[PDB]
There are 2 protein chains.
Amino acid sequence: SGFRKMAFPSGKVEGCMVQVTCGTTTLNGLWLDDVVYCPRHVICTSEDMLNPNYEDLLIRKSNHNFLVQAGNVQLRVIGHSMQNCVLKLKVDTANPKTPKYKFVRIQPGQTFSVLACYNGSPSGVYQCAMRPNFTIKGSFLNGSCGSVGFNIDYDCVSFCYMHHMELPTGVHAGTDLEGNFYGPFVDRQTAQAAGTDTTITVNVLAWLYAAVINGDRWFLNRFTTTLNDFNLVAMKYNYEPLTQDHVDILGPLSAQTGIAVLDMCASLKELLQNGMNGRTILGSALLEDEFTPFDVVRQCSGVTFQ
Amino acid sequence: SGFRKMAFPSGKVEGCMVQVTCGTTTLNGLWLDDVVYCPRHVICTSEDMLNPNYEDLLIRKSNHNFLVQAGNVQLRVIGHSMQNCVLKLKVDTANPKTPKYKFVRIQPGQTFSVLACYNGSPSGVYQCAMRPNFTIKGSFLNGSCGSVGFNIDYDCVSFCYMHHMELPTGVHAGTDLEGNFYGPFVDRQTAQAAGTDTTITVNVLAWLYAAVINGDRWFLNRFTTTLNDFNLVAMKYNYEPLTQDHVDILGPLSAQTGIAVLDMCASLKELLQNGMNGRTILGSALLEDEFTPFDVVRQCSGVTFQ
Ligand SMILES: *[C@](O)(C(=O)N1CCC1)[C@H](CN1CCCC1=O)NC(=O)[C@@H]1[C@@H]2[C@H](CN1C(=O)[C@@H](NC(=O)C(F)(F)F)C(C)(C)C)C2(C)C
Ligand SMILES: *[C@](O)(C(=O)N1CCC1)[C@H](CN1CCCC1=O)NC(=O)[C@@H]1[C@@H]2[C@H](CN1C(=O)[C@@H](NC(=O)C(F)(F)F)C(C)(C)C)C2(C)C
Ligand SMILES: [Cl-]
């Protein structure tokens, strides 16, 4: 019993982190096989980052201008190309600790663990959600760029995020591992702001299922609703529309608790209209939307990783 | 910027987890050098756990009755002794991945990461606090016993907890790595309940400092108080007494923000007496007490681990 924000074990990803320096800019890289991936603004100075021409900055660099270190050991660079907003450095050494891995572009609503790194060294690990507005609510200081987000499936690391920047309001924006930003952001120091966020409805329901499973049941009402009516009521509270796909994905939790999704939807409708009136759910005074149905099942049924 | 519940990177500890089976009971062990540590109720059946005599159960076991596996590989046991509530299995192999480590008994108020494990495999990682009443608010299913809690300092893992049991209300209780329980708990299936908890005052203040650092300042008032007056007011809200040691430990955050501890204490006194009136701090509607001063600094200044 118990329900916690839980990150994936970070060890497979720890073994991949390196420090990348170019000129006087240092940030983190990901060393998979004989390639190091990092944000392309490693090639900038402070000044440059106000409005950089990356293609131009990169033409003036040679392999030797990039210093890659894995602990004590310097890796010798033997190639470089830019792909979108990421830089690929080919190195003379394959990483012996390369885990089985993939590069995924996740969807808004999906969660992942971030391994926050400074100078190629791990600081800590925490769980995030890709927000509807394509930001994450992270914890990132100067030096954290090139920190990565990932999911583990059995033995395979799916890398889905690399950290680039912070926006007003202290939210965070980044790219997939092919260097495409999530959302409409660009890697320059100019005024940019995140769209208005919305609440990830399917995740809130997953969390309510987790609460029932943990014996917190006070909010269960005796009603049903339809998907139509629920969505009209949720729309005014800035909840995303719940689709039939969402309903189907919540099927396992539904079957496991013997509570139909639309009866839980009835319960959430009531909580949105009446508030929690001094009560908590799973220790929280606010509804939580950063647990996916998968995260709930994984946690409440004990799924592990080799 | 940003502030998150952040676990230590789990990789050094991942490399130490094994599965231990005895009879038909399987749980997790910690493999350091040529010793495996696990909860001693691995030697019980279901029936036994209602009221076990461990010394008697262990006399009837030989080395070969314990099956220890590290992935595919079985480790051959060549010795066993019991120390308090933990079992030490000497094995024919030293763990090549043994990190630098220590065994620590932490104090109430201190935090640590838990690496939740099933069948010797890591499920996930999260940050906990040892409560005043000597429980933790974990997430532990059947199979999780022998999961460990730890702190990392630079390159050294301080192991401080091994998971044994769950108490009514879904809190968790366990031992240091010498097999002494935290709190008055015993490793038998009998009615036991946790003392009434209290709020870890020094941690709440640390968290308020973290909030100022992140620019959430609305609750800062213009008053001071004395340590005496603050403690009388905090006592009625089931806050622990703040000592002078607590004040001194909060010195770095105090100096870094230019807010004296007793002025923050003035601010917290007000929050306790007036509530948060619809407002959040660092995204939370409730005051948080599971961040130590160290955790705040570590997070808000970027401390890393080799
Ligand atoms: C990252 O570049 C890094 O860690 N580096 C080591 C030296 C470079 C850094 C990480 N940071 C800094 C504090 C919060 C965070 O995530 N990222 C950057 O500095 C971004 C780089 C520049 C400007 N960056 C920003 O995040 C800025 N944001 C904006 O301009 C915004 F309004 F678009 F969001 C900043 C927070 C500095 C105002 C580039 C290439 C985008
Ligand atoms: C742990 O033994 C385990 O995972 N095992 C694999 C087979 C043994 C198990 C972990 N659990 C189970 C669910 C929550 C949790 O932390 N721990 C135990 O079952 C405990 C073992 C028995 C009884 N245990 C309990 O946690 C029980 N608690 C109590 O009796 C209490 F009231 F004291 F807390 C239980 C939750 C099963 C009622 C021993 C040796 C204490
Ligand atoms: Cl909350």
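Cβ atoms come from the backbone with ideal geometry, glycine included; neighbour counts cover every protein chain shown. Basis: the model, the stated rules and, where named, an outside source; no laboratory instrument gave them.
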Selection count where residues are surrounded by fewer than 16 Cβ atoms within 10 Å (Cβ to Cβ) and either of a type in the set (S, T, N, Q) or not assigned by CATH to the domain that holds residue A:114 (or both), scope the stretch A:150-182: 2
Scope the stretch A:79-111; condition among the acidic types (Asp, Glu) and buried (at least 17 other Cβ atoms within 10 Å of the Cβ); matching residues: none
Scan of the stretch A:1-41 for residues that are more than 30 Å from residue B:116 (Cβ to Cβ), without any contact (Cβ under 8 Å) to a residue 60 or more places away in the chain and either surrounded by 20 or more Cβ atoms within 10 Å (Cβ to Cβ) or of a type in the set (S, T, N, Q) (or both), ordered by number: A:21, A:22, A:24, A:25, A:36
Identity of the residue in the stretch B:247-306, in a helix (DSSP H, G or I), touching a helix residue (DSSP H, G or I) at 6+ places or on another chain (Cβ under 8 Å) and charged (D, E, K, R), that ends up farthest from the other protein chains (Cβ to nearest Cβ): B:269
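Given the residues A:185, A:134, A:112, which is the only one that is touching a residue at least 24 places away in the same chain (Cβ under 8 Å), under 17 Å from residue A:294 (Cα atoms), in the same structural domain as residue A:6 (by CATH) and of a type in the set (A, V, I, L, M, F, W, C)?
Going through A:185, A:134, A:112 in turn, the sole match is A:112.
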Among the residues listed as A:105, A:4, the single one being within 16 Å of ligand 3 (Cβ to nearest atom) and in a loop (DSSP other than H, G, I, E, B): A:4
Residue B:114, sole failed condition from (1) within 16 Å of ligand 2 (Cβ to nearest atom); (2) within 21 Å of residue B:14 (Cβ to Cβ); (3) surrounded by fewer than 23 Cβ atoms within 10 Å (Cβ to Cβ): (3)
Residue satisfying all of: in the stretch A:50-70; among the aliphatic types (A, V, I, L, M) and under 15 Å from residue A:146 (Cβ atoms); surrounded by the fewest Cβ atoms within 10 Å (Cβ to Cβ) among these: A:67
Residue tally, condition within 14 Å of another protein chain (Cβ to nearest Cβ) and part of a strand (DSSP E or B), over the stretch B:7-35: 7
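Looking for something more than 16 Å from ligand 3 (Cβ to nearest atom), more than 19 Å from residue B:15 (Cβ to Cβ) and more than 14 Å from every other protein chain (Cβ to nearest Cβ) - is there at least one such residue anywhere in the stretch B:147-163?
no
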Residue within the stretch A:240-251 that is over 28 Å from the mean Cα position of the chain (by Cα), among the charged types (D, E, K, R) and not assigned by CATH to the domain that holds residue A:133 present: no
Count of residues meeting criterion [more than 10 Å from chain B (Cβ to nearest Cβ), under 21 Å from the mean Cα position of the chain (by Cα) and within 20 Å of residue A:41 (Cα to Cα)] in the stretch A:75-127: 5
Tabulated pairs, the stretch A:235-257, first within 17 Å of residue A:109 (Cα to Cα), second small (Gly, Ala, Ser), C-beta under 6 angstrom, 6+ apart or interchain: none
From B:117, B:38, residue being outside the structural domain of residue B:188 (by CATH) and either in a helix (DSSP H, G or I) or not hydroxyl-bearing (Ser, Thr, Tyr) (or both): B:38
